[PDB]
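**Student:** Here it is: the structure, laid out below.
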Amino acid sequence: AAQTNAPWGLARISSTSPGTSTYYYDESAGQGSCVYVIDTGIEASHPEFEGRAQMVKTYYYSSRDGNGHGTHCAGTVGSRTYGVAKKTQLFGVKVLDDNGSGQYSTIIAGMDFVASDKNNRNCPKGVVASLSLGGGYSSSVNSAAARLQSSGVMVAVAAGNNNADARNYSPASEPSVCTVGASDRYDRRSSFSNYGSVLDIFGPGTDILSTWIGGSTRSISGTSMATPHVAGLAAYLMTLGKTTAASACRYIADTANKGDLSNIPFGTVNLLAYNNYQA
C-alpha cells in the first residue's frame with residue numbers, strides 16, 4: 001500500500017533515503033495487534049482513530065486527554081493518516097495528568113497494569129507498549145519496564161530530550177526495553193535527543209504531524225514523537241509474523257538503515273527504524 005503526501009516520518013520509516021513523502025507498507029497494517037499508549041490519555045473520539053482507540057485505565061478524575069500529548073503519540077502509532085500501524089487497536093492508560101506530569105509510583109502502577117490487562121484483550125498478533133515519558137534514574141521504574149517487557153509486551157521508551165546520556169534517565173536506561181532517540185527530516189540527530197550506549201534505535205522526532213485534542217492536528221517535536229514510530233513499527237512487524245514482542249527491538253535494529261544519521265556521538269548506535277517493505 002502507498003499513502004501519498006504522508007508526514008515525513010512515515011515516509012522515512014519506509015525509505016532507504018530521506019526526502020520522500022509517500023509511506024509504503026503492507027496492507028495488513030498491524031491488524032490483530034494491540035498498542036498501549038501510557039501517557040496523558042487518548043481522545044478516542046477523534047475521527048482519525050476510526051473506533052480503534054479506547055481508554056482502559058486512568059489514575060485521575062477523568063480518562064480524557066486534557067493535554068494532547070498522549071493523543072499525538074497515539075496518532076503516530078495508529079491513526080489512519082498519521083499512524084504507522086493503521087489497523088492496530090489502541091489502548092490508553094492515563095498515568096500523566098493534563099499538565100503532562102506524573103508520579104513515578106503511578107507510572108509504575110500503569111506498567112504493571114498493562115502487563116496484566118493484556119490478558120483481558122484480544123491481540124493475537126502481539127502486544128506493544130509506548131512510553132513517551134521519563135525522568136531521572138530510578139531502579140524501581142526501570143524494573144517495572146523490565147517486568148512489562150518480560151511479560152510479553154514490546155516496550156518502546158523515549159530516550160529523553162536533554163541532549164545528554166540517557167543512562168541517567170528512566171525508563172530510558174533500562175537495558176531490556178527498546179530506547180528510542182529522535183532524528184529530523186535531513187537525517188540529523190534531533191538537537192534535543194538524548195544519546196548513549198543504552199539507545200537501541202532512532203526514529204523521526206522533529207516536526208512530527210499527528211492528532212491532537214479537539215479533533216485537531218499539529219506538528220510537535222521530541223523523543224516522545226520518535227517512540228510511537230517504533231512502537232507502531234513493532235506492531236506492524238508482529239502482525240506480519242516477522243518478529244515477536246521479545247525479539248522486536250533486536251529485529252528493528254537488525255533491519256534498520258545503518259550509518260545514515262549525522263551528529264551521532266561516538267558509542268551511540270547509528271540506526272534508523274525502517275520497515276523494509278518492498279511494494
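Every residue number used here counts from 1 along the chain in the order it is shown.
Any Cβ shown, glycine's included, is placed from N, Cα and C.
Checked Swiss-Prot, it gives:
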{"type": "BINDING", "residues": "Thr16, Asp260", "note": "Ca(2+) 2 binding site"}
{"type": "DISULFID", "residues": "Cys34-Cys123", "note": "disulfide bond"}
{"type": "ACT_SITE", "residues": "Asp39", "note": "active site, charge relay system"}
{"type": "ACT_SITE", "residues": "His69", "note": "active site, charge relay system"}
{"type": "BINDING", "residues": "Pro175, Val177, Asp200", "note": "Ca(2+) 1 binding site"}
{"type": "DISULFID", "residues": "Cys178-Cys249", "note": "disulfide bond"}
{"type": "ACT_SITE", "residues": "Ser224", "note": "active site, charge relay system"}
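Describe the structural context of these features.
**Tutor:** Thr16 (Ca(2+) 2 binding site) has a Cβ environment of 10 other Cβ atoms inside 10 Å.
Applying an 8 A CB threshold to same-chain residues 6+ apart, the list for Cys34 (disulfide bond) reads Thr88, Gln89, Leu90, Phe91, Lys118, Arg121, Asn122, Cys123, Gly126, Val127, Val128, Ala235.
For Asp39 (active site, charge relay system), the same-chain residues lying six or more positions away in sequence with a CB closer than 8 A to its CB are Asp65, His69, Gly70, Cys73, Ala74, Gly92, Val93, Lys94, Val95, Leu96, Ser130, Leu131, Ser132, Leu133. When secondary structure is read from DSSP and collapsed to three states, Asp39 (active site, charge relay system) falls in the strand class.
A 10 Å cutoff on Cβ-Cβ distances gives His69 (active site, charge relay system) a total of 24 other Cβ atoms nearby, all chains included.
Mapped onto three states, the DSSP output places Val177 (Ca(2+) 1 binding site) in coil. Around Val177 (Ca(2+) 1 binding site), the same-chain residues six or more apart in sequence whose CB sits under 8 Å from its CB are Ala145, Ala146, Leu148, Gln149, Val155, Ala156, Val157, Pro171, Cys249, listed in sequence order.
If you draw a 10 Å sphere around the CB of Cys178 (disulfide bond), it holds 26 other CB atoms from the protein chains shown.
Sequence-distant neighbours of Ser224 (active site, charge relay system) (same chain, six or more apart, CB under 8 Å from its CB) are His69, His72, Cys73, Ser132, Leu133, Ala158, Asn161, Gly205, listed in sequence order.
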**Student:** If you measure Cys178 (disulfide bond) to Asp260 (Ca(2+) 2 binding site) at Cα, how many Å is it?
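**Tutor:** Each residue's Cα considered, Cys178 (disulfide bond) and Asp260 (Ca(2+) 2 binding site) end up 20 Å apart.
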**Student:** Where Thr16 (Ca(2+) 2 binding site) and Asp200 (Ca(2+) 1 binding site) are concerned, what is their Cα separation in Å, rounded?
**Tutor:** 19
**Student:** Rank the binding-site residues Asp200, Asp260 by the number of other Cβ atoms within 10 Å of each Cβ and report the first-ranked residue.
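**Tutor:** Of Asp200, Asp260, the one with the most crowded Cβ is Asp200.
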